[PDB]
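Notes follow the structure.
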Amino acid sequence: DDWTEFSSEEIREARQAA
Amino acid sequence: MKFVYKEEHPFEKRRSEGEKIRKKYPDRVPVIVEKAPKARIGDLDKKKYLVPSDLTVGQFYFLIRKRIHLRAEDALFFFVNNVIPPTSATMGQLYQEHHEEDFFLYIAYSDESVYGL
């Protein structure tokens, strides 16, 4: 699709980082 | 604050694409991300992000930071409607209060803590 989404790995890291 | 995206896409086309993307992927919020004027910081490949709404602004900082790759001389601040959103706010909440009439949320970033500095 024309929209960018963060990968699974990136988001799971973010669920931790903050 | 002005966005290049708004200048390159007419309001009625943004709004209809916005309504559609909210109805098709309601667990995410449509976010336009651009570098603030006068910002001295890395560029981002893409402008349009579909973001999990229960993600905090602090976590969004993490995601954007990674794709920018900050240098020793850098800092990173978000601006939505001339306002630094609190790191504790969720993207959903931010969307709720600040989404524009085209159903997009517009966020600018900079290495300075004042928009346009």
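Values quoted throughout were computed directly from the atomic coordinates according to the rules given, and no laboratory measurement underlies them. Cβ placement follows ideal geometry from the backbone for every residue including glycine, while neighbour counts extend to all protein chains displayed.
For residue B:117, which sequence-distant residues (separation of 5 or more, or a different chain) have an amide H within less than 5 Å of its own amide H, given hydrogens modelled in the peptide plane?
The answer is none.
What is the set of long-range amide H partners of residue B:87 at a cut-off below 5 Å, with H atoms built 1.01 Å from backbone N?
none
Which entries of B:6/B:66; B:2/B:23; B:24/B:66; B:2/B:38 have Cα-Cα distances beyond 18 Å here?
Table pairs above 18 Å Cα-Cα are B:6/B:66; B:2/B:23; B:24/B:66.
Explain nothing, just the number: dipole magnitude of chain B about its Cα centre with +1 on each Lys and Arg Cβ and -1 on each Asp and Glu Cβ, in debye rounded to the nearest 20.
Taking the Cα centre of chain B as origin, the dipole is about 340 debye.
Please list, in order along segment B:99-106, the HN-Hα scalar couplings obtained from phi with the Karplus expression 6.51 cos²θ - 1.76 cosθ + 1.60 (θ = phi - 60°), rounded to whole Hz, x for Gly and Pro.
Listing the rounded values in order: 4, 8, 5, 9, 6, 8, 9, 9 Hz.
Mind checking the dipole of the protein assembly as shown: about its Cα centre, +1 per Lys or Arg Cβ, -1 per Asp or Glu Cβ, Debye to the nearest 20?
40
Go through segment A:3-16 residue by residue and turn each phi into a ³J(HN,Hα) via Karplus (6.51, -1.76, 1.60, θ = phi - 60°); whole Hz please, and just put x for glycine and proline.
My calculation for segment A:3-16 gives 9, 8, 10, 5, 5, 3, 4, 4, 5, 5, 4, 5, 4, 9 Hz in order.
Reported to two decimal places, what Rg/Rh ratio describes chain B when computed on Cα atoms with Rh from the Kirkwood expression?
Radius of gyration over Kirkwood radius for chain B works out to 0.95.
Apply the Karplus curve 6.51 cos²θ - 1.76 cosθ + 1.60, θ = phi - 60°, to the phi angles in segment B:14-30 and return the couplings in whole Hz, x for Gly and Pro.
Values, residue by residue: 4, 5, 6, 5, x, 4, 5, 6, 6, 7, 8, 10, x, 6, 10, 10, x Hz.
What is the mean projected area of the alpha carbon convex hull for the protein assembly as shown, to one decimal in square nanometres?
Average of the hull's projected areas for the protein assembly as shown equals 7.9 nm².
Once each part is reduced to its C-alpha centroid, what is the distance from segment B:20-64 to chain A in angstrom?
Answer, in whole Å: 11.
Loop-only check: which trypsin sites (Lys or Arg not before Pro) in segment B:51-117 are DSSP coil with at most 15 other Cβ within 10 angstrom?
B:71
In which sequence would A:4, B:56 go, from the one with the fewest C-beta neighbours within 10 Å to the one with the most?
A:4, B:56
If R0 is 25 Å, what FRET efficiency do you get for residue B:82 and residue A:10 from their C-beta distance, rounded to 0.05?
0.30
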